[PDB]
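This report concerns only the one structure given below.
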Amino acid sequence: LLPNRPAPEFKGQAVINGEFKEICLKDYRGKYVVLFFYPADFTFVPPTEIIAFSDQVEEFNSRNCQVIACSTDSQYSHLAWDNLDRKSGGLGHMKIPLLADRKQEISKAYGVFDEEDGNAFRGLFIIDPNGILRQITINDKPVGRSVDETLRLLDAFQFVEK
Amino acid sequence: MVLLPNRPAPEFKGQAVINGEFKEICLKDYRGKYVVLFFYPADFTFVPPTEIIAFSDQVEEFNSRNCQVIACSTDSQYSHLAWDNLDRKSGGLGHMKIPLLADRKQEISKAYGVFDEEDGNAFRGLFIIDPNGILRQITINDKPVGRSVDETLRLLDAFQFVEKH
Amino acid sequence: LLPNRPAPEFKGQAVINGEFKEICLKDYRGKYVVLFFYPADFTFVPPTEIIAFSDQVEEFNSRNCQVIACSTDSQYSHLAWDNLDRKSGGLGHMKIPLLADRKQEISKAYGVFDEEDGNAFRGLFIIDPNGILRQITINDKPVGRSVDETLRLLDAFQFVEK
Amino acid sequence: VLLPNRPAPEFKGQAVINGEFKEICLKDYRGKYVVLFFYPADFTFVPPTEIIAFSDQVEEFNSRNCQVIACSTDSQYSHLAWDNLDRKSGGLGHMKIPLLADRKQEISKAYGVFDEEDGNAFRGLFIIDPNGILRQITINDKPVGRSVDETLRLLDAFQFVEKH
Amino acid sequence: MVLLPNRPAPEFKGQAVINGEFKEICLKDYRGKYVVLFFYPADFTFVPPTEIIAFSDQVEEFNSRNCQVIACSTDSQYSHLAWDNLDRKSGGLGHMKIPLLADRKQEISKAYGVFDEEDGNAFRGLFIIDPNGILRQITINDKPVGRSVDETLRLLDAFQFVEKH
Amino acid sequence: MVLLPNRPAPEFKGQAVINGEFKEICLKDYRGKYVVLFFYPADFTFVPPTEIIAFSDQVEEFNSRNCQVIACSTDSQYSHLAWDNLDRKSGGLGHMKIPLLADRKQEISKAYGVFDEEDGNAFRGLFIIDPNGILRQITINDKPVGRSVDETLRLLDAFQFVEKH
Amino acid sequence: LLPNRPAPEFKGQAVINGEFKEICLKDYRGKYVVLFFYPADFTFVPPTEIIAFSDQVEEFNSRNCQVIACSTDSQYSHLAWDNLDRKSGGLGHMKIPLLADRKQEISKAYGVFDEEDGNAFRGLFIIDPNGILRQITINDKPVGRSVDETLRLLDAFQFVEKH
Amino acid sequence: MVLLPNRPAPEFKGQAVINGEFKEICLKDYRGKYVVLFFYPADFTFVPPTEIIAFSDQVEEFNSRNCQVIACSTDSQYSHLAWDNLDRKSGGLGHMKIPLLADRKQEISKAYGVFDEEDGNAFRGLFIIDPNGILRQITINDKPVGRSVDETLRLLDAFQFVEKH
Amino acid sequence: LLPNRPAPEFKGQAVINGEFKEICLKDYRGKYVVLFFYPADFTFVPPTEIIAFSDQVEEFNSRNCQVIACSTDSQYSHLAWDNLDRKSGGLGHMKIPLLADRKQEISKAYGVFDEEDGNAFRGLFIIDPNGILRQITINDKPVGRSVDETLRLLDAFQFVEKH
Amino acid sequence: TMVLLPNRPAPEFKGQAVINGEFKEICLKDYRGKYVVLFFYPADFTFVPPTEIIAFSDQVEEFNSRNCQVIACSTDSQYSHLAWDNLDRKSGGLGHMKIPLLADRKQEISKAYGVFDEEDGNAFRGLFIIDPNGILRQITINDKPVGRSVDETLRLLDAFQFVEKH
């Protein structure tokens with residue numbers, strides 16, 4: 001894995017605002033892509049920083065968009081996190097698709113998923129509009145992803161590409 | 001392709017959700033007793049999965065021959081508990097005294113031989129084992145069909161009666 | 001095995017109402033099937049499996065499901081166990097095809113057979129009109145299966161399909 | 001590879017002697033010459049029962065060691081149930097000879113017998129010595145029989161030649 | 001391992017003899033006639049007899065039944081000629097009117113599966129073949145015993161009766 | 001493919017450049033403190049790696065919280081010092097107090113999952129590790145960017161924040 | 001590396017006199033090449049042998065040869081030793097092609113290389129226009145050969161072709 | 001392809017005809033003296049060819065020089081015996097004063113490399129060995145041609161002249 | 001190897017009547033050839049074995065034949081045995097073809113090639129114009145080859161090939 | 001195989017040489033504690049025509065005065081070296097040698113050092129120098145139809161001696 005190449009991308013089903021739509025990277029290219037993984041769902045109190053990405057869409061959208069989220073939790077769990085409200089738990093709602101990744105292949109491609117914990121690590125890899133992977137980053141379990149740095153790397157890449 | 005009964009039972013490791021607390025479970029952690037390891041594909045569903053809780057409510061009856069009815073999915077633990085917390089009306093199972101297991105690291109499912117590989121889930125089977133760790137019965141179903149508790153009770157009574165008799 | 005992939009096609013020599021008939025899997029098609037195993041011929045007293053399906057066969061054919069009784073015993077042996085009478089400790093006159101696996105093929109194909117005892121244990125399989133495996137059941141040597149659940153599985157598979 | 005003057009393709013199986021069931025091992029008949037003959041199936045379509053002739057000649061065999069070792073690829077139950085039927089009504093009536101079951105087709109695959117194509121064994125008559133060594137091989141495939149006279153003759157010819 | 005009947009018979013060709021000739025004589029030469037192939041360990045071996053002459057004098061019985069009797073040893077051609085031309089008294093044969101075959105390079109013996117590794121001579125077996133190039137009957141003995149012509153005639157009668165009648 | 005930020009780390013030796021001094025800098029010499037290892041493609045490449053030299057001035061901030069700040073180009077040692085010998089304005093590194101490490105033999109680069117095969121190239125490497133041999137975080141961003149000095153402190157403080165409490 | 005067999009190919013960054021370039025052996029036909037190897041940049045030696053040779057090139061290039069140079073180091077770095085003053089720690093401004101292999105390709109190709117210090121041993125090869133090198137030479141690290149003798153062996157190879 | 005000259009000789013074992021009787025002999029039984037061992041394809045003839053009998057009627061030159069040459073062929077013991085008991089004139093060879101070694105199976109001949117694939121007969125050849133079991137000289141010939149006794153007599157004298165004198 | 005099979009072909013040059021002349025097995029035919037090997041050039045032991053072969057050529061050619069020698073030595077060594085003199089360490093100007101095997105291949109082919117001392121054994125086999133080898137015989141180090149036996153085997157050979 | 005490296009141990013060799021007419025087996029091990037110079041050459045009698053490199057052979061004492069044992073090394077046998085050595089320089093042959101005429105008929109040492117030429121079955125020219133610890137300080141292969149220089153070897157030897165103490 002080096003950050004220049006098309007990514008062994010993915011095939012899957014996702015949750016887009018209540019509706020189930022199966023997506024593949026190829027449905028995107030000609031547009032910038034970014035993909036964040038993040039651990040299993042429905043965990044207790046802790047920040048669930050993923051929601052930060054849903055409300056922050058427009059900032060991502062100045063060029064292109066659709067940061068996705070993969071988990072071994074597949075369909076139903078992602079739908080259940082997408083529907084239920086912030087007060088109780090999970091994403092109050094999301095204008096972004098949550099990936100399936102039930103078969104872990106999406107994870108097994110990208111170099112994530114420490115084998116013994118039954119799930120993946122954190123996210124945020126970047127893919128150019130021609131489908132080439134510009135950036136790789138992985139975080140350990142007890143930490144979150146930063147929203148600002150993704151936009152900084154993204155914009156810097158917009159300036160270096162142009 | 002598959003494995004034969006009367007052979008030792010396929011070992012498993014995982015953690016599950018008991019009466020609301022947590023429990024590390026291994027085949028070895030519980031055997032004085034015949035067990036029912038019946039599977040089910042995933043957490044939640046669009047559809048009304050009304051066979052879910054059905055095995056759980058009768059377990060006291062299963063325990064008279066020293067037995068227990070366990071369920072498992074390849075979905076995560078937190079997902080199992082969050083599914084446990086829902087109401088029958090709302091489509092979730094009620095609060096049960098039976099655990100529900102999880103692979104996620106692909107352990108319990110791959111041992112017993114159930115998988116579609118496409119849905120990353122179990123093929124919804126039911127196995128029966130003896131207290132000495134050898135497998136009494138294998139059954140596997142398809143996704144939409146369920147297992148019957150009565151037939152399970154018949155299999156249990158017939159298999160339990162033969163041991164020392 | 002698994003309830004998805006195509007069924008382990010077989011060519012046996014069966015007993016239909018006394019006469020030898022070579023059958024494929026494919027020749028019996030468009031109406032489900034139950035492929036069921038039993039360990040041996042001339043088992044001491046009980047014909048208490050086998051014939052259980054024969055008296056209940058009306059119920060199986062009304063749902064279109066056929067019934068295949070198999071053993072690793074030969075043709076001739078099946079005819080000889082069939083020709084004996086129930087009172088005398090025999091299958092009596094059988095109105096269902098007795099398959100006769102003969103040598104090792106069909107039993108281990110379907111995945112049961114035996115190592116030490118060279119006989120299948122006890123199977124019950126369900127197949128659909130297009131030849132793919134619907135349901136697998138195996139019990140053990142000493143105990144058997146009940147017919148009602150087989151009928152329930154059949155109806156459950158039929159009502160869900162359309 | 002199976003030839004004469006070789007250790008015997010040992011077996012066990014379960015058998016039927018005079019109506020009962022006894023697990024037998026070749027070694028129980030050690031110290032004696034053996035004549036092992038195979039027959040394709042139990043309860044065969046073709047009616048003629050003729051093999052029972054070897055059972056009728058057993059006195060002659062008892063005059064010199066052995067036993068007739070009637071094993072076939074058929075199972076235990078088939079041999080016992082065909083044994084329980086009578087010669088008159090067809091099928092082997094009763095026997096002063098050991099009937100062994102090959103079943104899982106261990107012994108047949110051992111001896112070089114057991115035609116794979118119809119899944120039934122061939123005619124397997126062979127002779128062995130008291131030392132567990134194979135003296136004689138014969139096959140004469142299914143649609144024919146073995147002669148008892150030639151077997152006892154072969155035995156007699158075989159007994160006088162080793163010491164002198 | 002062992003040769004199964006109803007299976008095609010292993011072909012053989014060589015330099016042997018017939019009545020003092022050294023002709024070809026390959027299995028393919030009959031095809032439509034029964035053959036009986038019987039082995040014997042060596043030339044100039046027992047001396048007398050050895051019992052092979054039993055097959056030599058009654059060949060008419062085989063020929064009226066449509067058959068051919070081939071004798072064979074791992075010994076050379078000239079050796080076969082020298083043992084055949086020799087006299088009954090001195091232990092030489094009776095000038096066989098049937099071809100006795102000599103595999104010097106073996107492989108005729110090893111094909112049919114009769115080869116003694118301990119010595120390097122044959123194990124003295126008896127095979128019967130079909131008119132269609134298919135193997136019918138196999139019999140093998142040990143070194144010191146022998147073979148009977150009557151039983152062979154019995155097998156012939158039975159196989160011809162099943163073939164034609 | 002790449003490794004994972006959980007299991008231990010691919011230890012290293014090399015020599016160094018620290019304040020002009022080498023001292024061989026073995027991984028084991030760096031125990032007891034968090035480390036941030038950052039890679040860059042070449043020496044005297046000053047046109048794109050502007051600001052990479054700017055990394056030298058904020059290191060105190062890294063050191064007060066107990067950390068290393070060490071880096072490398074996977075290029076030559078003496079070359080790191082000789083590039084370190086010029087002034088920022090004059091087209092030089094000025095003088096950096098960060099340990100500059102150099103694996104001439106491209107070992108460390110291939111270990112960490114960097115080193116683009118076609119041209120000897122560390123893209124831009126950045127790893128974070130805990131005081132004993134374990135890797136906390138990985139990031140690599142292609143050719144052009146110089147990452148950021150600021151965000152790494154956020155990652156460091158957060159990583160200290162979850163274990164400390 | 002047999003002298004009677006064709007020479008291992010090379011293409012690379014060049015840094016011809018004063019600036020930069022990209023060069024391959026194949027560009028040279030009817031004219032020789034001299035392949036020069038040497039350890040890393042800016043460490044210690046007043047000649048690397050680069051000085052005695054490159055300053056004396058009038059005799060070396062007149063014989064149809066090139067002599068170039070090669071080391072394992074970054075592209076910019078060869079230019080950087082080229083860029084500094086004769087005194088102090090720089091070589092001076094060298095007029096000659098510098099072959100920069102950071103991927104160790106060319107070094108490991110001619111077989112002059114080691115993974116210990118990741119550098120190359122100082123070698124000298126001579127190459128004919130038909131790709132037949134006729135001579136192989138390698139020294140150790142602390143020692144050089146000489147400016148004169150390489151040229152002597154060279155002359156021996158140059159006068160001999162058709163005569 | 002050939003064993004090799006000057007190399008130790010390959011062990012061989014078989015049975016032979018000594019003074020009319022049978023003795024299993026190996027070179028190792030002799031050692032201790034120069035040995036010569038030759039070969040011939042088969043045993044018997046209706047025509048005259050002689051060859052080996054030249055060695056047989058006078059062994060004196062060989063026995064006085066400490067040699068004791070052995071004859072060997074691929075054929076049974078009994079065949080060699082049957083050729084040995086006869087008279088030189090009229091079809092048999094003499095009474096051999098050299099041990100006739102009988103390769104029944106494919107071993108001594110195939111070992112020494114004189115085996116002819118085209119049949120079960122060896123090529124006619126002669127090897128010479130020393131008291132220490134090493135081969136001094138290898139010689140062969142095509143089958144239909146022959147061997148010289150005189151030259152065989154000369155080479156021994158040559159070896160006695162060269163190794164010790 | 002084995003008789004009656006075609007002989008492994010060989011090519012080489014060495015010394016034929018003092019001059020060179022690279023020769024190949026296939027170019028001859030029409031005559032029996034006897035290829036005889038000899039261990040080394042310029043040996044202490046007396047050469048006279050081979051000398052028997054050099055002076056006796058009339059008879060060698062009279063049998064419809066050609067007698068070539070062989071060594072793991074090069075052409076020039078054979079030249080030094082040729083161009084010097086019969087009397088001291090050389091053998092005439094040879095009326096017999098010697099072999100030029102430098103790379104000791106031909107020795108390895110015929111199955112001789114002593115491995116320990118890198119020298120050949122006695123060689124001397126035989127062939128026919130139809131390209132198949134009739135007879136093999138080899139001695140080892142000290143002893144020599146006999147000419148009389150070559151004449152005897154030849155005489156034995158003519159009656160069998162002609163009749 | 002093909003490529004030898006300095007600072008690496010030198011491949012050890014054994015063989016039978018010609019010293020002053022006498023044939024005696026020599027081994028690398030006798031030269032420990034001392035520098036050795038192994039110089040190759042394709043064949044006897046051939047090229048460059050004789051004796052050319054004879055320049056190195058007759059003046060050897062000065063080369064011998066500071067360590068540095070010098071070897072001959074050709075694909076020919078001992079006896080051949082003896083016959084080419086016995087002729088006088090004038091007659092087109094190597095003179096009477098005060099240095100080892102060692103060689104390999106068995107292609108042992110030559111194919112080891114990587115100087116063996118397969119096409120002409122003889123080794124190429126060139127040489128190697130070794131240190132008292134059996135380690136290779138120089139490679140320098142040349143070619144068959146050409147020659148060497150004595151000076152490069154003589155000065156380089158002193159430089160290599162200059163590095164061990166200084």
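Just so we're on the same page: first chain in the structure tokens is A, next is B, and so on; residues restart at 1 for each chain, and ligands are numbered from 1 in the order they show up.
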Proximity check range 13-58 of chain A to range 111-121 of chain A, 10 Å, nearest pairs one decimal Å, only C-alpha atoms, as a Markdown table:
| residue | atom | partner | partner_atom | distance |
| --- | --- | --- | --- | --- |
| A:36 | CA | A:121 | CA | 9.6 |
| A:37 | CA | A:121 | CA | 6.8 |
| A:38 | CA | A:121 | CA | 5.7 |
| A:39 | CA | A:120 | CA | 5.5 |
| A:40 | CA | A:119 | CA | 6.5 |
Would you write out those residues with N, CA and C atoms, as an mmCIF file, in the first residue's frame?
data_model
loop_
_atom_site.group_PDB
_atom_site.id
_atom_site.type_symbol
_atom_site.label_atom_id
_atom_site.label_comp_id
_atom_site.auth_asym_id
_atom_site.auth_seq_id
_atom_site.Cartn_x
_atom_site.Cartn_y
_atom_site.Cartn_z
ATOM 1 N N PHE A 36 -13.928 6.588 5.175
ATOM 2 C CA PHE A 36 -13.515 6.376 6.563
ATOM 3 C C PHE A 36 -14.171 5.106 7.103
ATOM 4 N N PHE A 37 -13.411 4.293 7.829
ATOM 5 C CA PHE A 37 -13.905 3.004 8.294
ATOM 6 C C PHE A 37 -14.642 3.031 9.624
ATOM 7 N N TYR A 38 -13.921 3.246 10.722
ATOM 8 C CA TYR A 38 -14.488 3.347 12.076
ATOM 9 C C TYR A 38 -14.992 1.978 12.588
ATOM 10 N N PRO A 39 -14.932 1.764 13.919
ATOM 11 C CA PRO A 39 -15.193 0.502 14.628
ATOM 12 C C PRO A 39 -16.642 0.053 14.515
ATOM 13 N N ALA A 40 -17.018 -0.953 15.298
ATOM 14 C CA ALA A 40 -18.375 -1.475 15.247
ATOM 15 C C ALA A 40 -19.327 -0.379 15.710
#
Name the residues of range 32-136 of chain H that come out as alpha helix (DSSP H) in a backbone DSSP run; write them as a PyMOL selection string. chain H and resi 53-57+60-64+77-84+108-112
What is the CA of residue 122 in chain B to CA of residue 127 in chain C distance in Å?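 About the pair CA of residue 122 in chain B and CA of residue 127 in chain C: they are 19.7 Å apart.
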Residue list (strand (DSSP E), DSSP) for chain C, as a PDB file with N, CA and C atoms, in the first residue's frame:
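File produced: result_18.pdb:
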ATOM      1  N   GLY C  12     -28.726 -43.568  -9.401  1.00  0.00           N
ATOM      2  CA  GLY C  12     -28.901 -44.797  -8.656  1.00  0.00           C
ATOM      3  C   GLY C  12     -29.766 -45.795  -9.386  1.00  0.00           C
ATOM      4  N   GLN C  13     -29.882 -46.983  -8.809  1.00  0.00           N
ATOM      5  CA  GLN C  13     -30.819 -47.980  -9.289  1.00  0.00           C
ATOM      6  C   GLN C  13     -31.838 -48.181  -8.182  1.00  0.00           C
ATOM      7  N   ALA C  14     -33.067 -47.726  -8.386  1.00  0.00           N
ATOM      8  CA  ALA C  14     -34.034 -47.817  -7.311  1.00  0.00           C
ATOM      9  C   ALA C  14     -35.048 -48.938  -7.474  1.00  0.00           C
ATOM     10  N   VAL C  15     -35.873 -49.099  -6.446  1.00  0.00           N
ATOM     11  CA  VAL C  15     -36.979 -50.044  -6.466  1.00  0.00           C
ATOM     12  C   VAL C  15     -38.328 -49.345  -6.499  1.00  0.00           C
ATOM     13  N   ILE C  16     -38.997 -49.317  -7.645  1.00  0.00           N
ATOM     14  CA  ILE C  16     -40.345 -48.772  -7.634  1.00  0.00           C
ATOM     15  C   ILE C  16     -41.359 -49.894  -7.773  1.00  0.00           C
ATOM     16  N   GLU C  19     -40.059 -53.145  -9.292  1.00  0.00           N
ATOM     17  CA  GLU C  19     -39.210 -53.172 -10.486  1.00  0.00           C
ATOM     18  C   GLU C  19     -38.002 -52.221 -10.419  1.00  0.00           C
ATOM     19  N   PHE C  20     -36.859 -52.707 -10.902  1.00  0.00           N
ATOM     20  CA  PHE C  20     -35.623 -51.927 -10.995  1.00  0.00           C
ATOM     21  C   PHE C  20     -35.763 -50.688 -11.877  1.00  0.00           C
ATOM     22  N   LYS C  21     -35.402 -49.515 -11.366  1.00  0.00           N
ATOM     23  CA  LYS C  21     -35.411 -48.330 -12.222  1.00  0.00           C
ATOM     24  C   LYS C  21     -34.182 -47.446 -12.004  1.00  0.00           C
ATOM     25  N   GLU C  22     -33.349 -47.284 -13.031  1.00  0.00           N
ATOM     26  CA  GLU C  22     -32.215 -46.368 -12.923  1.00  0.00           C
ATOM     27  C   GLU C  22     -32.695 -44.926 -12.984  1.00  0.00           C
ATOM     28  N   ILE C  23     -32.406 -44.155 -11.942  1.00  0.00           N
ATOM     29  CA  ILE C  23     -32.812 -42.754 -11.916  1.00  0.00           C
ATOM     30  C   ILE C  23     -31.671 -41.777 -11.658  1.00  0.00           C
ATOM     31  N   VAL C  33     -38.107 -32.172  -3.640  1.00  0.00           N
ATOM     32  CA  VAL C  33     -37.701 -33.553  -3.314  1.00  0.00           C
ATOM     33  C   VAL C  33     -37.261 -33.679  -1.847  1.00  0.00           C
ATOM     34  N   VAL C  34     -37.412 -34.871  -1.275  1.00  0.00           N
ATOM     35  CA  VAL C  34     -36.773 -35.204  -0.004  1.00  0.00           C
ATOM     36  C   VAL C  34     -35.805 -36.359  -0.185  1.00  0.00           C
ATOM     37  N   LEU C  35     -34.505 -36.092  -0.153  1.00  0.00           N
ATOM     38  CA  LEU C  35     -33.557 -37.190  -0.285  1.00  0.00           C
ATOM     39  C   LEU C  35     -33.200 -37.643   1.131  1.00  0.00           C
ATOM     40  N   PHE C  36     -33.706 -38.802   1.547  1.00  0.00           N
ATOM     41  CA  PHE C  36     -33.438 -39.272   2.907  1.00  0.00           C
ATOM     42  C   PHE C  36     -32.679 -40.597   3.001  1.00  0.00           C
ATOM     43  N   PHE C  37     -31.668 -40.600   3.861  1.00  0.00           N
ATOM     44  CA  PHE C  37     -30.807 -41.750   4.098  1.00  0.00           C
ATOM     45  C   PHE C  37     -31.250 -42.618   5.272  1.00  0.00           C
ATOM     46  N   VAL C  67     -40.126 -38.410  -2.527  1.00  0.00           N
ATOM     47  CA  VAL C  67     -39.379 -38.983  -1.413  1.00  0.00           C
ATOM     48  C   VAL C  67     -38.446 -40.114  -1.847  1.00  0.00           C
ATOM     49  N   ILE C  68     -37.152 -39.909  -1.637  1.00  0.00           N
ATOM     50  CA  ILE C  68     -36.150 -40.903  -1.993  1.00  0.00           C
ATOM     51  C   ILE C  68     -35.558 -41.606  -0.773  1.00  0.00           C
ATOM     52  N   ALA C  69     -35.830 -42.901  -0.646  1.00  0.00           N
ATOM     53  CA  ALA C  69     -35.285 -43.691   0.452  1.00  0.00           C
ATOM     54  C   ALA C  69     -33.975 -44.326   0.009  1.00  0.00           C
ATOM     55  N   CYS C  70     -32.879 -43.971   0.667  1.00  0.00           N
ATOM     56  CA  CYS C  70     -31.586 -44.489   0.245  1.00  0.00           C
ATOM     57  C   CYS C  70     -30.853 -45.337   1.273  1.00  0.00           C
ATOM     58  N   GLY C 123     -30.202 -39.261   7.011  1.00  0.00           N
ATOM     59  CA  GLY C 123     -30.372 -37.912   6.523  1.00  0.00           C
ATOM     60  C   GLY C 123     -31.795 -37.562   6.163  1.00  0.00           C
ATOM     61  N   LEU C 124     -32.033 -36.270   6.000  1.00  0.00           N
ATOM     62  CA  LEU C 124     -33.265 -35.762   5.438  1.00  0.00           C
ATOM     63  C   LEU C 124     -32.843 -34.529   4.670  1.00  0.00           C
ATOM     64  N   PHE C 125     -32.942 -34.546   3.350  1.00  0.00           N
ATOM     65  CA  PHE C 125     -32.598 -33.347   2.606  1.00  0.00           C
ATOM     66  C   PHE C 125     -33.817 -32.849   1.855  1.00  0.00           C
ATOM     67  N   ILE C 126     -33.898 -31.542   1.641  1.00  0.00           N
ATOM     68  CA  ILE C 126     -34.969 -30.978   0.841  1.00  0.00           C
ATOM     69  C   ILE C 126     -34.397 -30.248  -0.362  1.00  0.00           C
ATOM     70  N   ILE C 127     -35.025 -30.445  -1.519  1.00  0.00           N
ATOM     71  CA  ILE C 127     -34.578 -29.835  -2.762  1.00  0.00           C
ATOM     72  C   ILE C 127     -35.786 -29.146  -3.371  1.00  0.00           C
ATOM     73  N   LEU C 133     -30.143 -27.017  -3.405  1.00  0.00           N
ATOM     74  CA  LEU C 133     -30.438 -27.640  -2.122  1.00  0.00           C
ATOM     75  C   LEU C 133     -31.129 -26.649  -1.207  1.00  0.00           C
ATOM     76  N   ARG C 134     -32.327 -27.029  -0.760  1.00  0.00           N
ATOM     77  CA  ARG C 134     -33.072 -26.216   0.195  1.00  0.00           C
ATOM     78  C   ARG C 134     -32.785 -26.434   1.679  1.00  0.00           C
ATOM     79  N   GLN C 135     -32.686 -27.690   2.097  1.00  0.00           N
ATOM     80  CA  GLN C 135     -32.513 -27.942   3.529  1.00  0.00           C
ATOM     81  C   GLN C 135     -31.712 -29.209   3.804  1.00  0.00           C
ATOM     82  N   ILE C 136     -30.854 -29.153   4.813  1.00  0.00           N
ATOM     83  CA  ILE C 136     -30.097 -30.328   5.223  1.00  0.00           C
ATOM     84  C   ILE C 136     -30.441 -30.697   6.650  1.00  0.00           C
ATOM     85  N   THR C 137     -30.582 -31.995   6.877  1.00  0.00           N
ATOM     86  CA  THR C 137     -30.760 -32.525   8.210  1.00  0.00           C
ATOM     87  C   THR C 137     -30.043 -33.857   8.304  1.00  0.00           C
ATOM     88  N   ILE C 138     -29.333 -34.052   9.404  1.00  0.00           N
ATOM     89  CA  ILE C 138     -28.724 -35.331   9.704  1.00  0.00           C
ATOM     90  C   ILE C 138     -28.959 -35.551  11.197  1.00  0.00           C
TER      91      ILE C 138
END
Close residues, residue 107 in chain J itself excluded, 12 Å, only C-alpha atoms, min 6 positions apart in chain, as a list in words: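 Skipping anything fewer than 6 positions along the chain leaves residues 72, 102, 103, 104, 115, 116, 117, 118 and 119 of chain I; 13, 14, 15, 42, 73, 74, 75, 76, 77, 113, 114, 115, 116, 117, 118, 121, 122 and 123 of chain J.
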Convert the current residue selection to file output with C-alpha atoms, as an mmCIF file, in the first residue's frame.
data_model
loop_
_atom_site.group_PDB
_atom_site.id
_atom_site.type_symbol
_atom_site.label_atom_id
_atom_site.label_comp_id
_atom_site.auth_asym_id
_atom_site.auth_seq_id
_atom_site.Cartn_x
_atom_site.Cartn_y
_atom_site.Cartn_z
ATOM 1 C CA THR I 72 41.249 -31.849 -22.629
ATOM 2 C CA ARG I 102 39.360 -26.977 -24.168
ATOM 3 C CA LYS I 103 36.081 -26.959 -22.281
ATOM 4 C CA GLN I 104 36.294 -30.712 -21.600
ATOM 5 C CA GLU I 115 36.532 -36.021 -12.628
ATOM 6 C CA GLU I 116 39.212 -35.908 -9.918
ATOM 7 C CA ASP I 117 42.302 -35.126 -12.005
ATOM 8 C CA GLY I 118 40.449 -33.377 -14.834
ATOM 9 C CA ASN I 119 42.216 -35.590 -17.375
ATOM 10 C CA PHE J 13 41.562 -22.501 -3.620
ATOM 11 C CA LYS J 14 43.656 -25.647 -3.806
ATOM 12 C CA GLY J 15 45.737 -26.933 -6.699
ATOM 13 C CA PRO J 42 43.665 -17.936 -20.839
ATOM 14 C CA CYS J 73 46.793 -19.620 -12.864
ATOM 15 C CA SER J 74 45.895 -21.026 -16.332
ATOM 16 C CA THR J 75 43.343 -23.619 -17.534
ATOM 17 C CA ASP J 76 46.229 -25.910 -18.523
ATOM 18 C CA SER J 77 47.671 -28.753 -16.467
ATOM 19 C CA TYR J 113 36.746 -16.463 -9.100
ATOM 20 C CA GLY J 114 34.289 -15.681 -11.901
ATOM 21 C CA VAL J 115 36.898 -15.186 -14.611
ATOM 22 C CA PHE J 116 36.058 -18.404 -16.487
ATOM 23 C CA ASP J 117 35.124 -17.867 -20.136
ATOM 24 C CA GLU J 118 32.621 -20.450 -21.379
ATOM 25 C CA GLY J 121 36.532 -22.780 -22.528
ATOM 26 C CA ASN J 122 39.584 -20.996 -21.129
ATOM 27 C CA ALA J 123 39.528 -18.316 -18.430
#
May I have the residues within 9 Å of residue 113 in chain H as a VMD selection string, using only C-alpha atoms and disregarding those fewer than 3 positions away in the same chain? (chain H and resid 1 to 3 108 to 110 116 122 to 123) or (chain I and resid 1 to 2)
Define the interface residues of chain D facing chain E as those within 6 Å, counting only C-alpha atoms, and report them as a ChimeraX atom specification. /D:1-2,112,135-141
For residue 95 in chain F, list every protein, DNA or RNA residue within 8 Å, evaluated using only C-alpha atoms, and leave out those in the same chain fewer than 4 positions away; present the list as JSON, numbers by chain. {"F": [56, 84, 85, 86, 87]}
Spatial neighbours of range 142-152 of chain G, 10 Å, only C-alpha atoms, chain gap at least 5 places, as a VMD selection string: (chain G and resid 38 45 47 to 54 56 to 57 59 to 60 63 121 to 126 137 157 to 158) or (chain J and resid 137 to 138 148 to 149 151 to 153 155 to 156 159 to 160 162 to 163)
